[PDB]
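Quick note: the coordinates plus some simple rules give every number you see, no bench work behind them. Cβ coordinates were reconstructed from backbone atoms using ideal geometry, including for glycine residues, and neighbour counts include every protein chain displayed.
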Amino acid sequence: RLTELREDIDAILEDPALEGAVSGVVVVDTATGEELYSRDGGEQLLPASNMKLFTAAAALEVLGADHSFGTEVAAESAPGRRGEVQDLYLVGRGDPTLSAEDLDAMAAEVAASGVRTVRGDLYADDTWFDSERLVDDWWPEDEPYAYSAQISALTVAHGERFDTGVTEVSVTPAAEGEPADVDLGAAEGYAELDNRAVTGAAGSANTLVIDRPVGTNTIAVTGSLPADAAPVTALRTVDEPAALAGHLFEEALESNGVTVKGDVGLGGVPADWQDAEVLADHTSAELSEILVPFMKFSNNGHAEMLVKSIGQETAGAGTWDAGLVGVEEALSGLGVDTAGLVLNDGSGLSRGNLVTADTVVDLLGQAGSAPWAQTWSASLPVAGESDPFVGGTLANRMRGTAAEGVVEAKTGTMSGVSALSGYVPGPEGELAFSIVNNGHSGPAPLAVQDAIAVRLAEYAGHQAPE
Ligand SMILES: *C(=O)[C@@H](NC(=O)CCCC[C@@H](N)C(=O)O)[C@@H]1N=C(C(=O)O)C(=C)CS1
Ligand SMILES: [Mg+2]
């Protein structure tokens, strides 16, 4: 029954969508160790977001499924009878899921502890990680978009998916000929606005562009929005995430009765402070939780922030240089042969990352029997699942196929690079697969990937739901 499987994968990979593409395709039975299929299994290829497989596993080895993350507020000593302090410090230690509501709960504490006036300045301290915001080889033109957000120890995360280092922009039409109305979202009062957008007659054509020009903190909107259009929203990144955390904090403080009168900016706790009074603090959910929004939606910031967290754990240094050696070490300690690997970031954004399909599958079986196997597999998207927090980036793929509800896999797509790698649990054995595509001209070969994953589910003894 095994040559039929091979013949079919061989035919599927004949698709014209794979014209001039190197493809790495490996299938292995996790029970026996048997190699069911293998083509260019040792070719070194760009991973895109499949690299999070490696990061996620290392964060569980190094940090533990139990790990949470802290933020706090500090002044030189407690407030007194007048209710005054001098300077104040918001201090972040790598929480990738700090909401504006968390900032507000910490402002209430600062007030509930006797403060009524910050007489000096408010500072945002993100010194737990270094201030290298972007990887060397990320592309400048990409910097406005949430996947390319800058990297800090203190960052405010937006929405239920926890997109870090961004603000939501909204553009609402006026009457034909009047300017459009632009909201900066959270970055209101922080980011500059260059609004050049206009409202066009009803039913005309939407030509709206939302930008942050390279090396500014300006949201520039150009174009027309039709008078009858639905209002448009976009997530855009800001410069210096921690500075916006600070801005949002003084608003929170001001809202909870505390009256900040100095300015706002970056800076670390002075160190000529002996017994800093901590006036408020927050703790995130445990890393097993945080792994869900991270892995289902392929959050890049989470991945980088977990890398610099790993570098603090192994080496006292919140750095890529250090945390990437941390990831490589954790992978080794796990049983994975890392010869094929080049590690240049944790998210997969960087085109200086290299894996082989054999390596992915090694990790898959290694992470299969690890103590944390179930928390690791519960975070991988499941094929065909409607609910965004079960289906993730696979919710709209493979519905009504043998693979629906069954296949757990990580995705990842850029220009010229696409991958799908994960598990196929069945009666005919627990399978492990990795499809890595490099060099194609059209759209990503998502259908070729779905097609193989479905054949594998059929192989493992599955049928389409009807
Ligand atoms: C993972 O692959 C990650 N993707 C990206 O960051 C896309 C890279 C775009 C870069 C430009 N410069 C280009 O070259 O095209 C996340 N992955 C997914 C996913 O489906 O797995 C996303 C939905 C986007 S972010
Ligand atoms: Mg089924």
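Worth a mention:
- Modelled FRET efficiency - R0 30 Å, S441 with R6, Cβ distances, 0.05 increments: 0.65
- Charge tally for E251 (other residues, Cβ to Cβ under 10 Å; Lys, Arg +1; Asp, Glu -1): -4.
- Cβ-based exposure ranking for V360, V115, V406, in which fewest neighbours within 10 Å come first: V406, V115, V360
- Taking label positions 7 Å along the Cα-Cβ direction at both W273 and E192, the computed distance is 3.2 nm, reported to one decimal.
- With Cα atoms, 0 to 90° folded angle of helix 320-334 axis to the chain main axis: 40
- Rg and Dmax of the stretch 1-154, based on Cα coordinates, read 25.8, 83 Å.
- Distance from the stretch 331-370 to the stretch 89-163 (C-alpha centre basis), Å: 30
- Spatially close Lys pairs in the chain, defined by Cα atoms under 19 Å apart and a spacing of eight or more places or different chains, total 4.
- Compared with the dominant Cα axis of the chain, that is its longest principal axis, helix 300-315 is turned about 80°.
- Volume of the Cα convex hull of the stretch 130-240, divided per residue and given in Å³: 102
- With a Förster radius of 25 Å applied to the C-beta separation of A378 and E160, the computed FRET efficiency comes to 0.90.
- Once the Cα atoms are used to define both axes, helix 446-459 deviates from the longest principal axis of the chain by about 60 degrees.
- Between the alpha-carbon centres of the stretch 24-46 and the stretch 291-308 there is a gap of 26 Å.
- DSSP bridge pairs, the chain: antiparallel proportion in percent, nearest 5: 75
- In the chain, helical runs assigned H by DSSP with n ≥ 4 each contribute -39500 (n - 2.57); averaged across all residues and rounded to the nearest 500, the mean residue ellipticity at 222 nm is -8000 deg cm²/dmol.
- Interatomic Cα distance distribution for the chain, bins of 20 angstrom, percent: 23, 49, 25, 3, 0
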